[PDB]
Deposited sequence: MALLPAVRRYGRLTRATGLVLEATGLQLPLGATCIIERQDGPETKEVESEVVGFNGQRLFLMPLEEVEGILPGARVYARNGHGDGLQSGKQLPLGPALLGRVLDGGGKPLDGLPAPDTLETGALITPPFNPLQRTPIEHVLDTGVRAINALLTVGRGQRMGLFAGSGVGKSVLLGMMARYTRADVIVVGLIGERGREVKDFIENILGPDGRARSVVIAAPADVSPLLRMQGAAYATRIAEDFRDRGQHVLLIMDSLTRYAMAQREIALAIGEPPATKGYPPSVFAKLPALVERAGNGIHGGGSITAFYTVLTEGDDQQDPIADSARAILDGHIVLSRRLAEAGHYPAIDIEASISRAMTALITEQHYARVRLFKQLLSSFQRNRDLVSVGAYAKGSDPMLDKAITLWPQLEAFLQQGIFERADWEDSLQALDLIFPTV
């Protein structure tokens, strides 16, 4: 037995149901009769505003009859059974295998650690990426952003980290990415070794904005669960840009007006609340380190999503167009990226070499527009002499092949040889 309600109006995307009341954000089911049988169509309460129950379908609604019945009916699969699997925001398998054999589930919500109980970032996370490990050290429990436009190697970089980072588990949220790129990322970027050590939640661009939202919430809840079992997790969220776009579509459909770049206020309450769930746990246990991607429109630090992102993350790695078109991969712009936790994580012997790397790096690039003429009479500005001389070595220190693993030790060992006397 249940407490029904019924679908009164269906004049647009948002439906209206009467004789039922559920809290904002809740899975309401609308019945449609396929001849004699009965099938269920999922919807989500997007507003119980004193007027009626507003429903937004996660599915196709063709079939539903006027005054169709509606009722409530959330839990989701959680645990080791998720490893090597590819599910959607709801947990439905997307890889062909049968739903994970649970025996343990959980609400996608669940309260967060007080920003007090979290253990402070004190350990380095081996990203397996030399440039990051050496010049932008990432701590365990750090929240990083990856800023890149299309076509610069963002996906391939996420693939290197998903394959080499020294974590217990990797959970990848592919929110709003195009279907063929999702498929390509799972099959060609991650491979069989990357898949086996991770959990991939896919909610592609062509899917319901609600499913994309829920998809981001689900990958995060899974990382939280692994964290609660004492596991050190690497959370890859691709992309905050799409998570925000999803929220914009949902907010505009329910009347919320835009506040900034056409984005409603609620979008800026959703970003912080999402990344906030990542970060160290009460240590003795596990942690969550994460990378949140942000799409750059030909380089723009005016874009609100990007601006907002830079403000709540513990640093960020910028991928450069010019380094990409020039064959420089990973296309990491070291001058434009930073890691807040680095100096606290690395010895001064190491950090000294880092500052020096940045120095010789800058002096050679701006000056790279004046020496390709003959105007540079080498012998002056020793900084530049020790710049181009070591250049070929540093460009090759930065550059890393897709299947080359740059260990932490390997990275330092490599930096200690290009720079000083250990």
What ranges of the deposited sequence are left out of this structure? 1-6, 80-89
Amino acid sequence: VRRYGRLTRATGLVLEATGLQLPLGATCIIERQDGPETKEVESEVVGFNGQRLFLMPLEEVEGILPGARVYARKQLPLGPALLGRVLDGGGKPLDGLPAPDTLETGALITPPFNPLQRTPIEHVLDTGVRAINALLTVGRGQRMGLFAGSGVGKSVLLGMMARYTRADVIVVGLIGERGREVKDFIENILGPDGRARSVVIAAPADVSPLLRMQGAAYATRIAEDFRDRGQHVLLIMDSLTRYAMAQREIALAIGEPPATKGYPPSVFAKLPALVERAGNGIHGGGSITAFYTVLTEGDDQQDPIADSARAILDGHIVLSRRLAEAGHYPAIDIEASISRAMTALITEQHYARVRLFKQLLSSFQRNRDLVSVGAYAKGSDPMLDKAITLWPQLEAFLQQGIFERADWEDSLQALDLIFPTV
From here on, numbers count along this sequence of modelled residues.
When mean C-alpha B-factors in the record are compared for 62-70 and 383-391, the larger belongs to 383-391
Should the higher mean CA B-factor in the entry be assigned to 161-169 or to 92-100? 92-100
Which of 262, 84, 179, 209 ranks first by CA B-factor in the deposited coordinates: 262
Would you mind finding, among 283, 195, 340, 277, the residue with the largest C-alpha temperature factor in the entry? 283
Place residue 118 in the lowest, middle or highest third of its chain's C-alpha B-factors, as listed in the PDB entry. highest
Residue 398 CA temperature factor, ranked by third within the chain: middle
Going by the CA temperature factor in the PDB record, which third of the chain does residue 112 belong to: lowest, middle or highest? highest
Name the third of the chain's ranked CA B-factors that contains residue 303, choosing lowest, middle or highest. highest
Could you tell me which third, lowest, middle or highest, the C-alpha B-factor of residue 106 occupies within its chain? highest
